[PDB]
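Asks: Dropping the structure in here first, questions after.
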Amino acid sequence: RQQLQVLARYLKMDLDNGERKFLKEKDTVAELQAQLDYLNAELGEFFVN
Amino acid sequence: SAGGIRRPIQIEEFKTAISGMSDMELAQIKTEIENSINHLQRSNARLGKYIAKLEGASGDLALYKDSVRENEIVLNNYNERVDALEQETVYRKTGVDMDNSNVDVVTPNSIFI
Amino acid sequence: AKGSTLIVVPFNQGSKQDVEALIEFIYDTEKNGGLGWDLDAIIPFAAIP
């Protein structure tokens, strides 16, 4: 674990870069879903379909 | 040029005359006065030596003293005249509403009719 | 006048949800955070040019 860590540091390689971008997008998922859930409520399920 | 003529001139008459001149004429007068300043400062350097030589030792000492006192009166006119040159220079670098408050469309007339 | 009251609420006629909530907000009891009223008159004059 530690031996890996120092090599990652040497390579200027960011291990967690992926998950950071992943956490970011799921926040925008919830955001768009919230906007979608709203219009479904304001129009009714039948209207949208 | 009539400005910076090695003798002290009145300032208010210079401060008007400087206004109606060309920019190359102001640079010629500015060059002429600075040469006049260096002429008195190299003169006051020579008067400074004849003070310090005799001060080391009272006739022919007050006559040196009012000679360098007089040059400061003429030099006071020069840098005052140079101050007017500076002030003339810096003057030449300027020259949805669902409330029916707007259109009252509860009424048939308000739309455009 | 005496006995008169006035309530101002921000409101969007366009929104379904706002309509349902507003009518509930009038008729719900003071103890559940409502007005506990019963309307005698409705004047739905709101509209846009």
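By convention in this document, the chains of the structure tokens carry letters A, B, ... by their order, each chain's residues are numbered from 1, and ligands are numbered from 1 in the order they are shown.
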What are the DSSP helix (DSSP H, G or I) residues of chain C, as a list in words?
Replies: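 Of chain C, the ones in helix (DSSP H, G or I) are residues 16, 17, 18, 19, 20, 21, 22, 23, 24, 25, 26, 27, 30, 31 and 32 of chain C.
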Asks: Store the residues picked out above in a file with N, CA and C atoms, as an mmCIF file, in the first residue's frame.
Replies:
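Done, and the output landed in out-v8.cif:
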data_model
loop_
_atom_site.group_PDB
_atom_site.id
_atom_site.type_symbol
_atom_site.label_atom_id
_atom_site.label_comp_id
_atom_site.auth_asym_id
_atom_site.auth_seq_id
_atom_site.Cartn_x
_atom_site.Cartn_y
_atom_site.Cartn_z
ATOM 1 N N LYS C 16 -49.281 24.015 -10.708
ATOM 2 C CA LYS C 16 -50.283 23.109 -10.093
ATOM 3 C C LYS C 16 -50.020 23.094 -8.590
ATOM 4 N N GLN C 17 -48.800 22.710 -8.214
ATOM 5 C CA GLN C 17 -48.377 22.449 -6.812
ATOM 6 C C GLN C 17 -48.724 23.659 -5.944
ATOM 7 N N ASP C 18 -48.456 24.865 -6.441
ATOM 8 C CA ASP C 18 -48.676 26.123 -5.680
ATOM 9 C C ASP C 18 -50.173 26.249 -5.391
ATOM 10 N N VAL C 19 -51.015 25.967 -6.380
ATOM 11 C CA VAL C 19 -52.492 26.056 -6.216
ATOM 12 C C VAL C 19 -52.911 25.119 -5.075
ATOM 13 N N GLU C 20 -52.551 23.835 -5.169
ATOM 14 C CA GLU C 20 -52.949 22.771 -4.203
ATOM 15 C C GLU C 20 -52.466 23.143 -2.795
ATOM 16 N N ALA C 21 -51.236 23.655 -2.678
ATOM 17 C CA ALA C 21 -50.590 24.023 -1.395
ATOM 18 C C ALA C 21 -51.293 25.245 -0.787
ATOM 19 N N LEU C 22 -51.627 26.243 -1.615
ATOM 20 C CA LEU C 22 -52.231 27.538 -1.188
ATOM 21 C C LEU C 22 -53.601 27.267 -0.560
ATOM 22 N N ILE C 23 -54.431 26.492 -1.254
ATOM 23 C CA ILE C 23 -55.808 26.149 -0.803
ATOM 24 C C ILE C 23 -55.703 25.353 0.499
ATOM 25 N N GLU C 24 -54.763 24.407 0.566
ATOM 26 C CA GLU C 24 -54.454 23.638 1.801
ATOM 27 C C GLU C 24 -54.014 24.616 2.897
ATOM 28 N N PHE C 25 -53.167 25.590 2.546
ATOM 29 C CA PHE C 25 -52.573 26.572 3.489
ATOM 30 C C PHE C 25 -53.659 27.459 4.098
ATOM 31 N N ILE C 26 -54.719 27.734 3.344
ATOM 32 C CA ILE C 26 -55.868 28.535 3.847
ATOM 33 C C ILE C 26 -56.682 27.676 4.825
ATOM 34 N N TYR C 27 -57.014 26.436 4.450
ATOM 35 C CA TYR C 27 -58.034 25.608 5.150
ATOM 36 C C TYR C 27 -57.423 24.779 6.282
ATOM 37 N N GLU C 30 -54.603 26.412 12.390
ATOM 38 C CA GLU C 30 -53.497 27.289 12.867
ATOM 39 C C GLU C 30 -52.443 26.419 13.561
ATOM 40 N N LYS C 31 -52.880 25.323 14.190
ATOM 41 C CA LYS C 31 -52.033 24.450 15.045
ATOM 42 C C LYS C 31 -51.068 23.638 14.171
ATOM 43 N N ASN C 32 -51.433 23.360 12.914
ATOM 44 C CA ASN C 32 -50.560 22.665 11.925
ATOM 45 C C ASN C 32 -49.894 23.697 10.997
#
Asks: Can you check which parts of chain C lie within 6 Å of chain B? Per residue, the shortest pair of atoms and distance in Å to one decimal, counting only C-alpha atoms, sorted by chain and number, as JSON lines.
Replies:
{"residue": "C:46", "atom": "CA", "partner": "B:98", "partner_atom": "CA", "distance": 5.7}
{"residue": "C:47", "atom": "CA", "partner": "B:98", "partner_atom": "CA", "distance": 5.1}
{"residue": "C:48", "atom": "CA", "partner": "B:98", "partner_atom": "CA", "distance": 5.0}
{"residue": "C:49", "atom": "CA", "partner": "B:105", "partner_atom": "CA", "distance": 5.8}
Asks: Store the residues picked out above, limited to N, CA and C atoms, as a tab-separated table (two decimals), in the first residue's frame.
Replies:
chain	number	residue	atom	x	y	z
C	46	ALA	N	-56.00	36.98	-11.80
C	46	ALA	CA	-54.61	36.89	-12.28
C	46	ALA	C	-54.59	36.37	-13.73
C	47	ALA	N	-53.77	37.01	-14.56
C	47	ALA	CA	-53.55	36.68	-15.99
C	47	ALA	C	-52.37	37.52	-16.51
C	48	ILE	N	-51.92	37.25	-17.74
C	48	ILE	CA	-50.77	37.96	-18.37
C	48	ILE	C	-51.18	38.48	-19.74
C	49	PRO	N	-50.54	39.57	-20.21
C	49	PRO	CA	-50.83	40.12	-21.53
C	49	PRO	C	-50.23	39.31	-22.69
Asks: Which distance in Å separates atom CA of residue 13 of chain A and atom CA of residue 26 of chain A, to one decimal?
Replies: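 Those two atoms sit 23.7 Å apart.
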Asks: Env of residue 31 of chain B: 12 Å cut, atoms = only C-alpha atoms, seq-sep filter 2 positions within chain, self excluded. Answer as a list in words.
Replies: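 Non-adjacent residues within range: residues 1, 3, 4, 5, 24, 25, 26, 27, 28, 29, 33, 34, 35, 36, 37, 38, 78, 82 and 85 of chain B.
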Asks: What does the distance from atom CA of residue 81 of chain B to atom CA of residue 45 of chain B come to in Å, to one decimal?
Replies: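 Result for atom CA of residue 81 of chain B versus atom CA of residue 45 of chain B: 22.0 Å, one decimal.
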Asks: Counting only C-alpha atoms, which residues from chain A have an atom at most 9 Å from any atom of chain C, and could you show them as a ChimeraX atom specification?
Replies: /A:41-43
Asks: I need the residues from that last selection saved to file as a PDB file, in the first residue's frame (with N, CA, C and O atoms), if you can.
Replies:
ATOM      1  N   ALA A  41     -44.375  16.089 -11.731  1.00  0.00           N
ATOM      2  CA  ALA A  41     -45.365  16.470 -10.697  1.00  0.00           C
ATOM      3  C   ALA A  41     -46.289  17.571 -11.232  1.00  0.00           C
ATOM      4  O   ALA A  41     -47.511  17.467 -11.009  1.00  0.00           O
ATOM      5  N   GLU A  42     -45.727  18.576 -11.914  1.00  0.00           N
ATOM      6  CA  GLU A  42     -46.455  19.786 -12.389  1.00  0.00           C
ATOM      7  C   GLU A  42     -47.401  19.458 -13.545  1.00  0.00           C
ATOM      8  O   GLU A  42     -48.337  20.241 -13.764  1.00  0.00           O
ATOM      9  N   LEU A  43     -47.137  18.386 -14.290  1.00  0.00           N
ATOM     10  CA  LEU A  43     -47.911  18.037 -15.511  1.00  0.00           C
ATOM     11  C   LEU A  43     -48.737  16.770 -15.300  1.00  0.00           C
ATOM     12  O   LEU A  43     -49.768  16.641 -15.983  1.00  0.00           O
TER      13      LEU A  43
END
Asks: Within 12 Å of residue 76 of chain B, counting only C-alpha atoms, which residues qualify if same-chain residues fewer than 4 places away don't, as an NGL selection string?
Replies: :B and (7-11 or 33 or 37 or 40-41 or 69-72 or 80-83)
Asks: For the atom pair atom CA of residue 13 of chain B and atom CA of residue 73 of chain B, what is the interatomic distance in Å to one decimal place?
Replies: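 That distance, rounded to one decimal, is 18.2 Å.
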Asks: Which one is closest to residue 88 of chain B: B:65, B:15, B:49, B:30? Count only C-alpha atoms.
Replies: B:15
